[PDB]
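Chemist: Quick check, what structure comes out for this input:
(chains A and B, ligands or ions: 2)
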Amino acid sequence: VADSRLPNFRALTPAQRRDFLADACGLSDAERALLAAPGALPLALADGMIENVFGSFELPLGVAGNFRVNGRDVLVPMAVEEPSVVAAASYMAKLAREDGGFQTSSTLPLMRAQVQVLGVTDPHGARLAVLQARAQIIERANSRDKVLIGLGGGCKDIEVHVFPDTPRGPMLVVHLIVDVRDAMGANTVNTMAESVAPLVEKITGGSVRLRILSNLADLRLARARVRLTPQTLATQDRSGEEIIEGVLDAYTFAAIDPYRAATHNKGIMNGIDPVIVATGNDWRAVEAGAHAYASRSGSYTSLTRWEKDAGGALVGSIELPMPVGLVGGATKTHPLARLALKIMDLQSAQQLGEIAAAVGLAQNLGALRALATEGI
Amino acid sequence: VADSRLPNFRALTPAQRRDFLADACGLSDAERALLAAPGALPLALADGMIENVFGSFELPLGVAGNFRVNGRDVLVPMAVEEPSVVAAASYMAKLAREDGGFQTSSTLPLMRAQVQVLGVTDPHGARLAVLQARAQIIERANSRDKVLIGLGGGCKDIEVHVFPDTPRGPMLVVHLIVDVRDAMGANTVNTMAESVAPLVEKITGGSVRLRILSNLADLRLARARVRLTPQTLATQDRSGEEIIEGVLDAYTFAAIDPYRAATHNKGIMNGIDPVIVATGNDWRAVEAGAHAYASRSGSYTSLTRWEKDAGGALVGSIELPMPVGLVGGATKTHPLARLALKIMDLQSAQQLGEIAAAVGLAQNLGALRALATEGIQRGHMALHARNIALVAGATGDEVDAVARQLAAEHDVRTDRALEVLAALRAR
Ligand SMILES: NC(=O)c1ccc[n+]([C@@H]2O[C@H](COP(=O)([O-])OP(=O)(O)OC[C@H]3O[C@@H](n4cnc5c(N)ncnc54)[C@H](O)[C@@H]3O)[C@@H](O)[C@H]2O)c1
Ligand SMILES: NC(=O)c1ccc[n+]([C@@H]2O[C@H](COP(=O)([O-])OP(=O)(O)OC[C@H]3O[C@@H](n4cnc5c(N)ncnc54)[C@H](O)[C@@H]3O)[C@@H](O)[C@H]2O)c1
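Modeler: Numbers count the residues shown, from 1 in each chain, chains lettered A, B, ... in the order given. Ligands and ions are numbered 1, 2, ... in the order given. Coordinates below:
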């Protein structure tokens, strides 16, 4: 059975932690050697990934323990530079174990691809024409990516949003709603936006300008929930109930004040970004989606919610875009990203997204607990 | 004296780029050696930075060339994993040199510390008591950090904000406004928040709960602007004037649509975050301050503006929080972070923040210019890139993928196609 409980990792050396992980996760001896020596990313490989490469930049690579998601333990690799982050994630995950861990879910892996049409004098009418022709546009979008279609992904729907008065004239904006399966999906969806452009121009009689995914991936949401009783939260000097009221004080402060919410959401991303980096995923894309979603209400606010259930237990919840992949980009190119994803042992990118959402929620809890405990 | 031009860098091997950087920057043999071998971050040193360390994780480390900020050349190290990001920064920086590079400025390095006060039944009245006690509170905040006060920083002002109707009761929130000089300032500012809490509790009669910085560092703004004439932007297949109009088409899209603005601002952070990472700074803090700032107006929108000047030259401008440091955190623990500061030859944190805003502005320009001028049908450069990918041995879906990277890298040649194809076949 997979077990995310780490035995006294603070008292082991880095080498002993590495051997424990290689043992528990069944890494090959060649994978173990890959972790034992610096330079897992060959310079010639890095050189083919970005430009003007002259070396490599190391981040500390840690692992958060105790995470249990939908009944299944998972080890969480974290590449980050900041103290306390990994420890807080682990400790809050240990508290969450007492109710059975985190409960998560997600939408389908739906990415938006935007197609900007300019010069349409009747954008409202043209919108209706595009929507009428949607089957044809979906067909055209799906003709090239045989691998994605064969997996059951591809363009599933289209939307059209009209901006009839702009300094550049009216804009008609087609959104292709694309299932990208286990990829983050940016390149996947950009190609479809480019492919549908002649057909969109013919239908609208306009000129297509930008063909590009939206990073506000609010149709690819990950959701996570945790519950903690006062018994679980009680310490020697503070009662579980007192800690709980202090956490709600801290949360509401983030809910109503963007100056606090920015900080509150930053602590969430302390949890999430290190998993994104360690698995070879684009962290700028996850950061953009999270913080943009945080202002969907008209005001920048908390991505999490903290409440009490009928019996007084603390309930935290999170919902946010989670565009991530088990394939594509660097996720299978960087040898340690391949290795980190093997440590986590996941079947879908949704699973990775749900685990990320849980890690963020625990990280947020760790901050709120600490900030409300600390004495004057 | 400082030169940021990287001649023939596309054709050089990583080792040669390294040796060039060492000479151009006057690095010591100890510094050049640290670049020569992997493991610049010793495991035992990593072990002291975060918890539960079992190794280290490498990002590709590149350098963007051609950048010139307020008349000074500066090389920009960039740690990132995504193709074409480093290339777009360099190429737009190169076009930027024609008008003289970038012009930048910043505000004072002012950070906010929040002191949340609960249980006050007259929050409005108690706010006026706190504001009256301004000097006493400021002196309290400045009583411990003697090094910072001696440098010219310290708590300079306060603000009080009242939330009279919340499910947790009324909230009175004191902001300490602290000049943190060359540090990121989270610790400095947190400590002051703790320091004034008993005095704030005395004045208001309330209970202080959170004592914490605001990552919404809108008193610590970096600003950068750039100008490019039609002549500078002209290409063989497109006039400068129609590229300028295209960029304007793309910019307004981001200004009005949050679905486009998010991607537009993500591209800005493609330029900024890798500098943040390479200099040992907290990228989560920079991400938080940028994206929260982007919705200050009530709607999530662009962090940059793109316009034309009187004679029709494209003008781009950017303004955003930039909480970064040259001291503290990992910027002096990590040996490469220390070295990256030496390569940039930075005199202050403000200067690091202005450079990054310029890199972010340049990245945005590269993205907008590319997206707006991409042909509806494959043009002759795109077809040439496919042929180059084919001759280098690409097949199936690899052809378009390699050719896409080559074109976006402005490095459409067979030797590059070989390096990029080998990367893809490392999957
Ligand atoms: N603003 C942005 O976020 C943005 C924009 C452009 C590019 N990027 C970069 O795009 C890259 C990610 O693009 P991508 O995610 O499309 O990956 P990719 O282009 O490397 O791979 C996508 C392809 O993988 C194939 N595939 C095989 N197995 C699959 C599976 N199980 N599920 C889904 N697809 C499968 C599919 O044919 C699909 O087309 C990153 O490097 C990112 O930085 C980001
Ligand atoms: N949400 C957040 O952003 C957050 C929250 C908590 C902690 N952190 C972490 O805090 C750390 C950074 O805080 P910090 O910047 O105060 O670093 P720091 O902890 O090293 O403190 C800076 C100290 O160095 C001294 N100093 C010496 N030279 C100085 C100079 N030229 N200018 C200013 N101060 C000088 C000062 O006395 C100052 O107090 C980061 O690691 C960050 O990840 C971030």
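
Chemist: Check the secondary structure at residue A:329 for me.
Modeler: coil (DSSP: H, G, I helix; E, B strand; the rest coil).

Chemist: Verify the stated contact: it with residue B:81.
Modeler: Yes - between residue A:329 and residue B:81 there is a contact at 7.4 Å, judged by C-beta atoms under 8 Å. Using the backbone N, CA and C atoms, a C-beta is placed for each residue, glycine as well.

Chemist: overlap in contacts of those two?
Modeler: Contact criterion C-beta atoms under 8 Å, 6 or more residues apart in numbering or on different chains; residues shared by residue A:329 and residue B:81: A:280, A:282.

Chemist: Identify the residues contacting the closest residue to residue A:108 other than its chain neighbours.
Modeler: In space, and not counting its chain neighbours, residue A:108 is closest to residue A:179: 5.9 Å by C-beta to C-beta, 6 or more residues apart in numbering or on different chains. Shown in contact with residue A:179 (C-beta under 8 Å, 6+ apart): A:108, A:109, A:110, A:152, A:153, A:154, A:155, A:156.

Chemist: and the lengthiest helix in chain A with helix B:186-195, angle?
Modeler: Determined from DSSP state H, the single longest helix within chain A is helix A:349-373. For helix A:349-373 against helix B:186-195, the angle by axes from the mean of the first three to the mean of the last three C-alpha atoms, to 10 degrees is 40 degrees.

Chemist: Pull out the buried positions in stretch A:64-75.
Modeler: A:64, A:65, A:66, A:67, A:68, A:69, A:70, A:73, A:74, A:75 (16 or more other C-beta atoms under 10 Å in any protein chain shown).

Chemist: Contacts made by that stretch with the rest, please.
Modeler: Taking C-beta under 8 Å, 6+ apart as the rule, stretch A:64-75 contacts A:1-6, A:9, A:21, A:24-25, A:63, A:76, A:78, A:86, A:89-91, A:93-94, A:96-97, A:100-104, A:224, A:343-346, A:354-355, A:358-359, A:362, B:52.

Chemist: returning to what we had before: which of the contacts of residue A:179 are buried?
Modeler: A:109, A:110, A:153, A:154, A:155.

Chemist: For the first one, grab phi and psi.
Modeler: So the one you mean is residue A:109. Per-residue torsions, residue A:109: phi -80, psi 70 (degrees, to the nearest 10).

Chemist: If you drop the residues flanking it in sequence, what lies closest to it?
Modeler: residue A:180 (5.2 Å).

Chemist: about what we covered before: ok, and of the buried ones among the contacts of residue A:179, which contact ligand 1?
Modeler: With C-beta under 6 Å from any ligand atom as the criterion, the buried ones among the contacts of residue A:179 include residue A:153 near ligand 1.

Chemist: now the buried ones among the contacts of residue A:179 in TSV, with secondary structure?
Modeler: Shown next, in TSV, are the buried ones among the contacts of residue A:179 (three-state DSSP):
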residue	secondary structure
A:109	coil
A:110	strand
A:153	coil
A:154	strand
A:155	strand
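
Chemist: out of the buried ones among the contacts of residue A:179, which one sits closest to ligand 1?
Modeler: residue A:153 (5.9 Å; C-beta to the nearest ligand atom).

Chemist: Touching, the closest one and residue A:189? I think so.
Modeler: No - Residue A:153 is beyond contact range of residue A:189, at 10.3 Å (criterion: C-beta under 8 Å).

Chemist: Just list the residues touching residue A:137, thanks.
Modeler: So residue A:137 contacts A:130, A:155, A:158, A:174, A:176, A:196, A:199, A:200 (C-beta under 8 Å, 6+ apart).

Chemist: and residue A:231, how many neighbours?
Modeler: Using other C-beta atoms under 10 Å in any protein chain shown, residue A:231 has 11 other residues around it.

Chemist: I believe it is in a helix; please confirm or correct that.
Modeler: Yes - if the criterion is three-state DSSP, then residue A:231 is within a helix.

Chemist: And chain A, split by domain according to the record?
Modeler: A:1-107+A:220-374, A:110-219 (curated CATH domains).

Chemist: Assign a three-state SS to residue A:255, would you?
Modeler: helix.

Chemist: what's the closest non-adjacent residue to it?
Modeler: residue A:302 (5.1 Å).

Chemist: right, and that neighbour touches residue A:254 too?
Modeler: Yes - assessed by C-beta under 8 Å, residue A:302 is found in contact with residue A:254 at 4.1 Å.

Chemist: Same drill for the two, tell me which one is more crowded.
Modeler: The residue with more neighbours, out of residue A:302 and residue A:254, is residue A:254; 26 against 23, by other C-beta under 10 Å.

Chemist: How is residue A:104 assigned, secondary-structure-wise?
Modeler: Under three-state DSSP, residue A:104 comes out as strand.

Chemist: That one: neighbour count?
Modeler: 22.

Chemist: What's the separation between the closest residue to it other than its chain neighbours and ligand 1?
Modeler: Nearest residue to residue A:104 in three dimensions, chain neighbours excluded: residue A:354, at 3.6 Å (C-beta to C-beta, 6+ apart). Distance, residue A:354 to ligand 1, by C-beta to the nearest ligand atom, to the nearest Å: 17 Å.

Chemist: who are the neighbours in contact with residue A:354?
Modeler: A:69, A:70, A:104, A:105, A:106, A:222, A:223, A:224, A:322 are the contacts of residue A:354 under C-beta under 8 Å, 6+ apart.

Chemist: got it, and residue A:54?
Modeler: B:14, B:17, B:18, B:21, B:35, B:61, B:62, B:63.

Chemist: Just flag the most distant two among these.
Modeler: B:35 and B:62 (12.7 Å; C-beta to C-beta).

Chemist: Next up, phi/psi of the residue nearest to residue A:109, please.
Modeler: Per degrees, to the nearest 10, the backbone of residue A:180 is at phi -110, psi 10.

Chemist: Is there proximity between the helix or strand encompassing residue A:249 and ligand 2?
Modeler: Using DSSP states H and E, residue A:249 maps to helix A:240-256. No - interface with ligand 2: helix A:240-256 contributes nothing (C-beta under 6 Å from any ligand atom), its closest point being 12.3 Å away.

Chemist: Give the buried residues for stretch A:200-220.
Modeler: For stretch A:200-220, by 16+ other C-beta under 10 Å, it's A:200-201, A:203-204, A:206, A:208-220.

Chemist: Could you report the neighbour count for residue A:2?
Modeler: Quick note: residue A:2 (other C-beta under 10 Å) scores 12 neighbours.

Chemist: Phi first, then psi, for it.
Modeler: phi -70, psi 140.

Chemist: Tell me the secondary structure at the closest residue to ligand 2 within chain A.
Modeler: Minimum separation of chain A from ligand 2 (C-beta to the nearest ligand atom) falls at residue A:82, amounting to 4.2 Å. What three-state DSSP gives for residue A:82 is coil.

Chemist: neighbours around it, how many?
Modeler: Residue A:82 has 18 nearby residues by other C-beta under 10 Å.

Chemist: Since that was my last question, I'll sign off now.
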